[PDB]
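Asker: Residue numbers (PDB author numbering), protein chains in the order written: chain 2, 126 to 174; chain V, 28 to 76. All residues carry an ideal CB built from backbone N, CA and C; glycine is no exception.
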Ligand SMILES: Nc1ncnc2c1ncn2[C@@H]1O[C@H](COP(=O)(O)OP(=O)(O)O)[C@@H](O)[C@H]1O
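Written as structure tokens, this is what we have:
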């Protein structure tokens, strides 16, 4: 009983940490850096267009 | 076949125009990236100043 309670007391923290990292990664593919010029960042693709 | 060839060659000519447009676009992009790099170098020189 106590072991199960302990695991349930941490599942939420682990999920939050995973979601924050996913969103942080999803930032970069859009803008990244201003001098990125990779044609992968969505702003440079519009600029060349 | 004279008319067929003339229409096909019209298509080829507009295709060449589009290709040249893309080429000049990429040239402009490379020019901009060079300017950004020299700007960063100037910033570092000013920092050392
Ligand atoms: N610190 C940095 N400063 C400037 N540009 C960077 C930096 N790090 C990465 N880049 C940019 O990343 C680009 C390479 O991305 P790209 O090769 O298109 O991605 P992929 O490897 O998926 O094809 C380069 O054009 C470079 O300008």
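(1) Do the stretch 150 to 168 of chain 2 and the stretch 33 to 52 of chain V meet, that is, are 3 or more Cβ pairs less than 8 Å apart?
(2) Helix, strand or coil: which one does DSSP assign to residue 152 (chain 2)?
(3) Report the neighbours of residue 146 (chain 2) on chain V: residues whose CB is nearer than 7 Å to its CB, in chain order.
(4) Residue range of the alpha helix (DSSP H) that residue 56 (chain V) falls in?
(5) What's the gap between the Cα of residue 74 (chain V) and the Cα of residue 65 (chain V)?
(6) Given that residue 60 (chain V) touches chain 2, what residues does it touch there, using C-beta distances under 8 Å?
(7) With C-beta atoms as the reference, is residue 52 (chain V) less than 8 Å away from residue 173 (chain 2)?
Answerer: According to the structure data:
(1) Contact fails: fewer than three Cβ-Cβ distances are below 8 Å.
(2) In the first chain, counting from the first residue as 1, residue 152 (chain 2) sits at position 27. Assigned with DSSP and collapsed to three states, residue 152 (chain 2) falls in helix.
(3) If you number the first chain from 1, residue 146 (chain 2) lands on position 21. Chain V residues near residue 146 (chain 2): none, gap ~29 Å exceeds 7 Å.
(4) Your numbering for residue 56 (chain V) matches position 29 in the second chain. 29 to 75 is the span of the alpha helix (DSSP H), which, as asked, contains residue 56 (chain V).
(5) By 1-based counting over the second chain, the position of residue 74 (chain V) is 47. By 1-based counting over the second chain, the position of residue 65 (chain V) is 38. Residue 74 (chain V) and residue 65 (chain V) have their C-alpha atoms roughly 14 Å apart.
(6) By 1-based counting over the second chain, the position of residue 60 (chain V) is 33. Under the 8 Å cutoff, chain 2 gives 160, 162.
(7) If you number the second chain from 1, residue 52 (chain V) lands on position 25. If you number the first chain from 1, residue 173 (chain 2) lands on position 48. Yes. Within cutoff.
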